[PDB]
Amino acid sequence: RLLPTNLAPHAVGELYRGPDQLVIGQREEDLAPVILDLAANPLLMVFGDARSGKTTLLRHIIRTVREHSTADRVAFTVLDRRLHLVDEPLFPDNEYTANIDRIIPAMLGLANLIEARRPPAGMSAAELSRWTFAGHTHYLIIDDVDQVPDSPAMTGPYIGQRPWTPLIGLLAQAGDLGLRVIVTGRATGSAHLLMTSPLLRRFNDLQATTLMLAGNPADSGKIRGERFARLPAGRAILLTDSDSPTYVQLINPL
């Protein structure tokens, strides 16, 4: 079927189908809504070369989660060095930073928060009793994650420390501890990053949902056997747990 080139946020029915169930576009087969289930798969990585739609998809998610949530149930943490998401409102007191030097402590403190939700040792088949957690589902949004140096810090109070270290051990249980993580990066270089970045290698080892926006069919490498294609803005290959790769068009907000 013929996908659109500019998909309006009202052409797809209800955008919010329940907590963590977000319509993000239409699929090529039948133009049916594409529904991101962040409770089932809390991790999403989006790869695309210049101006293909990474940040716009982040904006769409933030706006859709925010419009149908209350501040005492949902919190965002947004890391955005290029500042293209300053526009988008969060909830009160929510961390938005573009400062490469605030990332290390911000992640340490987010990690301490999610870590405190884990169940005690000594349980064994008594936790699958709605153990859950008391408070916010926390959406961690990292635009252009491939542009944050992931090497030990050379200067400042956190010398020798790396930005993503406290996050890694959380990713496997993010769905039980009220954590979602959404990141974006260029298409070129992405396959190598999937192998060398501790953060993105863990995303891939955990089969994170992947959106492959436009990229180079030669250089950008293979993700789960798929090459990038030269696509218009917002057109992506969607890789999930349950279906084979799917062409989709993402909603263009505003």
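Residue indices: 1-based, along the sequence shown.
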Look over 224-232 and 49-57 in the entry and identify the one with the greater average Cα temperature factor.
224-232
So, looking at the entry's B-factor column for Cα atoms, which has the higher mean, 149-157 or 174-182?
149-157
Taking the Cα B-factors listed in the entry, which of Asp37, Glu28, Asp219, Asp205 comes out highest?
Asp219
Top residue by Cα temperature factor, when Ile141, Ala116, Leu85, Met107 are compared in the entry:
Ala116
Position of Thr77 among the chain's modelled residues by C-alpha B-factor, lowest, middle or highest third
middle
Chain-relative C-alpha B factor for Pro19 (record values, thirds): the middle
Per the entry's values, where does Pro166 land by CA temperature factor relative to the rest of its chain, in the lowest, middle or highest third?
middle
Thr70 CA temperature factor, ranked by third within the chain
highest
Temperature factor at the Cα of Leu2, chain-ranked in thirds, falls in the middle
